[PDB]
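# Commentary on secondary and tertiary structure
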Amino acid sequence: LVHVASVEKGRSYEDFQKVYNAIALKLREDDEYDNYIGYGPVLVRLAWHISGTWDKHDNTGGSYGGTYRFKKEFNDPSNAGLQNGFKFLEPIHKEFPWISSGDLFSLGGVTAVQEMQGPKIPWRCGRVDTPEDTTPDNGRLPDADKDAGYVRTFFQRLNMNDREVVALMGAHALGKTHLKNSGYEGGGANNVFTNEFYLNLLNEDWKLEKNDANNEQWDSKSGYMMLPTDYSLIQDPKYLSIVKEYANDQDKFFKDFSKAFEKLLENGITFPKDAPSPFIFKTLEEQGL
Ligand code: HEM
Ligand SMILES: CCN(CC)c1nc(N)c2ccccc2n1
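Reading the values: rules and limits
Residues numbered from 1 in each chain as written, not as in the entry; some residues may be left out. Chains lettered and ligands numbered in written order. Heavy atoms only, no water. Near = heavy atom within 4 Å. Polar contact = N/O pair within 3.5 Å; in protein donor to acceptor, adjacent residues only side chain to side chain. Helix = DSSP H or I, 4+ residues; strand = E, 2+ residues; numbered from the N terminus. Domains from an automatic or database assignment. Buried < 20%, exposed > 50% of the residue type's maximum accessible area, 1.4 Å probe, protein only. Donors = N, O, S within 2.8 Å, 3.2 Å for Na, K, Ca; no water. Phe/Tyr/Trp six-rings, centres within 6.5 Å; stacked < 30°, edge-to-face > 60°. UniProt positions renumbered as here; feature names shortened; annotations may be inferred. Contact = heavy atoms within 4.5 Å. Areas by Shrake-Rupley, 256 points an atom, 1.4 Å probe, with all protein chains shown as cover. Salt bridge = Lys/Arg side-chain N within 4 Å of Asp/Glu carboxyl O.

For this coordinate set, the PDB header names X-ray crystallography as the determination method and states a resolution of 1.5600 Å.

Structure (structure tokens):
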């Protein structure tokens, strides 16, 4: 099972930069979503969830096939809330129908991170929509009510190491949890990509308690929250070291996140040797737009 990258016929970097810019402009415009968080964080979560179904043991799942567009995956309970990102991207797809679904979903995440002032994330085209029977079954995305051992083991399936895991979890600087989606509770929210996840972990005073849905989470006096899997990153001694590093080095966190996130979005894809180099898209700000 090989998924070969195939460039959308006749398309080049400028075509994709146009897609990037349409997403970026809509992000800027549709500013009231989720109490003024905007759609950035849900697009990041979407890109992660379309990718996180991958299994290195058989090369099934991952971003390549655009299979989130199919009912079984769209309705995965782990994907609750992500319908909002799909709806956001729908008109973008209508504007640029030549882009594959996996390319759009993954590009949405890249665009969101960069527009939220995160690192540049190189991105490659050529994901190809595959048929409904290639849709992975539900249950491949991780549970939040678990400990460090679970996190470490889970991410081995995505070929992620301890540093990659801690870097990718820093995306939890973004957005918030919603009781109706996940059974987790928290009013704190943010739409600027920073290393604040690590700084909160280390600096807040956390108390484990049951929330209003009877699920355990870690809550601070300030009103912030951590999932059990978030908090595991300071419970485990190896994870803790890396949390400290990223709390103390914004640039290292940005570089490590960029590499891990591109890897996440590329897992399962075979790029021919004559494939284009990864594209680094300019932000709207860099374009004077
Ligand atoms: C152990 C791994 C992870 C677990 C258990 C987990 C769990 C969760 C949960 C329960 C939520 C709240 C969903 C909602 O209630 O709306 C959430 C939100 C989010 N997650 Fe994760 N996550 C994990 C890893 C990641 C990764 C690797 C990324 C991306 C690199 C990511 C990005 C996000 C973002 C940006 C949000 C906020 C979305 C919003 O505000 O709508 N997560 N995650
Ligand atoms: C770093 C604190 N925030 C954002 C204010 C936060 N913390 C989290 N632990 C978190 C977990 C899942 C989704 C969003 C999240 N956001």
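### Looking at the site of ligand 1
Taken together, 23 residues are adjacent to ligand 1, and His 172, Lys 176, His 178, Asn 181 and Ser 182 come closest. Interatomic distance of 3.0 Å between a backbone N/O atom of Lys 176 and an oxygen atom of ligand 1. At 3.0 Å from an oxygen atom of ligand 1 is found a side-chain nitrogen or oxygen belonging to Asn 181. It is helix α3 (residues 40-51) that provides the largest number of residues to the shell around ligand 1, a total of 4 residues. Both domain 1 (1-141 + 261-289) and domain 2 (142-260) contribute no fewer than three residues apiece to the shell around ligand 1.

### Focus on unusual backbone geometry
Generally, phi is negative for residues other than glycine and the peptide bonds are trans, each holding for most cases. One non-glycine residue with positive phi stands out, namely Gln 117, at about 70°. Mapped onto the secondary structure, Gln 117 falls in the loop between α6 (101-115) and α7 (148-156). Given the relative accessible area of 56%, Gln 117 is considered exposed. Residue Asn 214 is not a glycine yet carries a positive backbone phi of 70°. By secondary structure assignment, the location of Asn 214 is in the loop between β2 (206-210) and β3 (216-220). According to the relative accessible area criterion, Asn 214 is exposed, its value standing at 52%.

### Comments concerning helix α8 (residues 162-169)
Summarising burial for α8: 6 of the 8 residues are buried, a large majority. For α8, the N-terminal cap is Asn 161; the gap from its side-chain oxygen to the backbone nitrogen of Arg 163 is 3.1 Å.

### Here's the deal with the coordination of the iron atom of ligand 1
Exactly one protein atom donates to the iron atom of ligand 1; that atom is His 172 (NE2), 2.0 Å from the metal. On the secondary structure map, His 172 appears in the loop between α8 and α9 (179-182).

### Things to note about the packing of aromatic side chains
Tallying each qualifying case throughout the model produces 31 aromatic pairs. Residues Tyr 68 and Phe 105 carry aromatic rings whose centres are separated by 5.7 Å and whose planes lie at 90° to one another, so their mutual orientation is edge-to-face. Here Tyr 68, found in the loop between α3 and α4 (71-74), pairs with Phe 105, found in helix α6; they are 37 residues apart in sequence, far enough to count as distant. For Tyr 68, a relative accessible area of 1% gives the class buried.

### A closer look at the UniProt feature "binding site: heme b" (unreviewed entry) in the protein chain
If you check UniProt for "binding site: heme b" (unreviewed entry), the listed places come out as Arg 45, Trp 48, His 172, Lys 176, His 178, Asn 181 and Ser 182 in our numbering. Considering the arrangement of structural elements, one finds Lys 176 in the loop between α8 and α9. Excluding its chain neighbours within four sequence positions, the residues that come into contact with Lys 176 are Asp 34, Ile 37, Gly 186, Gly 187, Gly 188 and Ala 189. Relative to the assigned elements, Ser 182 resides in helix α9. Given a relative accessible area of 36%, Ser 182 falls into the partly exposed group.

### Quick word on the side chain of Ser 220
Its location among the elements puts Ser 220 in strand β3. A polar contact of 3.1 Å, which involves the side chain of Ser 220, links it to the side chain of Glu 204. Residues within four places of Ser 220 in sequence aside, it is in contact with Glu 204, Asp 205 and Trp 206.

### Section: the side chain of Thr 135
With respect to the helices, strands and loops of the structure, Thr 135 is situated in the loop between α6 and α7. For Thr 135, the contacting residues outside a window of four places in its chain are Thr 67, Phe 70, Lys 72 and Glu 73.

### Re the site of ligand 2
Taken together, 14 residues sit near ligand 2, with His 172, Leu 174, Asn 200, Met 225 and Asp 230 positioned nearest. A distance of 3.5 Å separates a nitrogen atom of ligand 2 from a polar atom in the backbone of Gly 175. At 3.1 Å from a nitrogen atom of ligand 2 is found a main-chain nitrogen or oxygen belonging to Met 225. Contact with the protein chains removes 94% of the 400 Å² of surface that ligand 2 exposes when unbound. Contributions of two or more residues to the shell around ligand 2 are made by α10 (196-203) and β4 (225-226).

### Some remarks on the pattern of salt bridges
Summed over all chains, the structure comprises 16 salt bridges. Salt-bridge contacts for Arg 152 lead to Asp 236; the nearest nitrogen and oxygen are separated by 3.0 Å. In this pair, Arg 152 sits in helix α7 while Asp 236 sits in the loop between α11 (228-235) and α12 (237-248), placing the two residues 84 residues apart along the sequence. Across the pair, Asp 236 and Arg 152 agree in class, each one buried. Bridged by salt links that share partners, the residues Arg 163, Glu 245, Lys 252 and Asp 256 form one connected network.

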